[PDB]
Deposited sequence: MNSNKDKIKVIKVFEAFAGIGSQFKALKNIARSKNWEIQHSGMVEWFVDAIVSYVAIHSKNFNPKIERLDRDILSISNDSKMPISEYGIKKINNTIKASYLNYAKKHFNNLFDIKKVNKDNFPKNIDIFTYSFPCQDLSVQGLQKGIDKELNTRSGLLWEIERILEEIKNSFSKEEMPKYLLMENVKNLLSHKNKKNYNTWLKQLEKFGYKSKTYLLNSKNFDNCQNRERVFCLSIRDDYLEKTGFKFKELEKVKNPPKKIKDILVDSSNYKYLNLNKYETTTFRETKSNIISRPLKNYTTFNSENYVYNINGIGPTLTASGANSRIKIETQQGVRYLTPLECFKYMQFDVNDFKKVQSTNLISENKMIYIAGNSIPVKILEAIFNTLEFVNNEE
């Protein structure tokens, strides 16, 4: 009766998709398997392996000779020199493990019908809004489209991914992007998929974070007919509220910010349940100038900048949300954070960067809970 769910995570990061599936697997009678993944960012790969591996023992290794397209900052490729610096280190063993055990193909431009796994149950992905335009698609989405085009011609219909799931930022549905987004949906139709777009806020899925994200869930149209799957109305879901205080970790050795030079005001709560107050003459950057009340929800955690530096008011003073608390804020577990910390390879700021790039795990749990698979 157990159903093996083969998942392929494009732009996998630390694997919020895989985590959500593992979290619900027992309740669905599923066994989750790594079909493959695509992630080039060294710190994300290391962290993914730390979080998701079982019985991996890191050791000094030569980097596999075809691991050539990777990135230390997530944006730009590492040089020949930088590859040399990873070669013959413990870090190399993480990258080798991701390749061998998780079938990480690293770079989407290197994925094609000759290495894209057949019979995928769930394919996850994303793309920046620029990719909708010429510079017709471009960039990462063009590669995803190329891959779907390629496998459409070489695979049987039944070998194509059963479900696709895109995550993206809210601005995907802006005036400038919405029509071109709709043409991507038309293209998915041409590839044989029926889709539904959801705009979901983490705060409605048992989280203390305001975070609005766009999801496009697609089902292969013959599999829709076979299963009798119907899309659920997830935008109407409103679970009980959670407050920032519910995730905070007690410590006697936090660093508190000296805000004595800055004038401030009372807290005010907005319609989004964010409770905040401004610091006057602090910076000229509006999003940096707020302190958040722990009895409401907080702002969207970003990878960098002002919203990666979330100031909260506590009895003990004003401080930033810690890297551990940021993992919790994205609905990863304390043990996931400890595994990443224990690598001794990822800085505190890099741990927040990877958390800020992820997806709140319980949103994905709710989406994946709606999927239907046949007993055959």
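Colleague: Could you sort out which parts of the deposited sequence are absent from the coordinates (no C-alpha) and give them as ranges from 1?
Modeller: The deposited sequence has unmodelled segments at 1 to 6, 142 to 152, 394 to 395.
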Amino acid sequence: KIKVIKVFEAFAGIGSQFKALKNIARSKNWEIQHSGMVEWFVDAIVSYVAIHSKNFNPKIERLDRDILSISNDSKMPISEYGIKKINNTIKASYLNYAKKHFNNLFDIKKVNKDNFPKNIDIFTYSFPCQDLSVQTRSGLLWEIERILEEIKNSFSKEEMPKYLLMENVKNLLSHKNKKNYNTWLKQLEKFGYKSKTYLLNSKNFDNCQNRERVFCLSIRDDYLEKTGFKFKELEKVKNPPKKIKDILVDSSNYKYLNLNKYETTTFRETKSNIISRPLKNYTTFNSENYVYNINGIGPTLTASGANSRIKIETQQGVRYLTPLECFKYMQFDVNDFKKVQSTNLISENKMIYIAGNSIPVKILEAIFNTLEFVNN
From here on, numbers count along this sequence of modelled residues.
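Rigid core (definition): largest C-alpha set, two forms, superposition within 1.5 Å.
Colleague: Root mean square C-alpha distance from this form after a core fit in 4 other deposited structures of this protein: higher for 120 to 128 or for 282 to 290?
Modeller: The more displaced stretch in 4 other deposited structures of this protein turns out to be 120 to 128.
Colleague: Is 244 to 252 or 179 to 187 the stretch whose C-alphas end up farther from this model in 4 other deposited structures of this protein after a rigid core fit?
Modeller: Between 244 to 252 and 179 to 187, greater C-alpha deviation in 4 other deposited structures of this protein belongs to 179 to 187.
Colleague: Tell me which stretch has the larger mean Cα B-factor in this entry, 6 to 14 or 21 to 29.
Modeller: So the stretch with the higher mean C-alpha B-factor is 21 to 29.
Colleague: Determine, for stretches 179 to 187 and 216 to 224, which one has the higher mean CA B-factor as deposited.
Modeller: According to the entry, 179 to 187 carries the higher average C-alpha B-factor.
Colleague: Among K162, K232, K243, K99, where is the Cα B factor highest in this entry?
Modeller: If I rank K162, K232, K243, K99 by C-alpha B-factor, first place goes to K232.
Colleague: Choose from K255, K271, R277, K280 the residue with the greatest Cα B-factor as stated in the PDB record.
Modeller: Each of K255, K271, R277, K280 was compared by C-alpha B-factor; the highest is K271.
Colleague: Ranked by Cα temperature factor within the chain, is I60 in the lowest third, the middle third or the highest third?
Modeller: Answer is highest: the recorded C-alpha B-factor places it there.
Colleague: Grab the CA temperature factor for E263 from the record and place it in the lowest, middle or highest third of its chain.
Modeller: Answer is middle: the recorded C-alpha B-factor places it there.
Colleague: Taking the entry's C-alpha B-factors for this chain, is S195 in the lowest, middle or highest third?
Modeller: Its C-alpha B-factor belongs to the middle third of this chain's values.
Colleague: Sorting the chain's modelled residues by C-alpha B-factor, tell me whether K170 ends up in the lowest, middle or highest third.
Modeller: For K170, whose C-alpha B-factor we compare with every modelled residue in the chain, the answer is the middle third.
Colleague: Could you say whether, by C-alpha temperature factor, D66 belongs to the lowest, middle or highest third of its chain?
Modeller: CA B-factor rank for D66: highest third.
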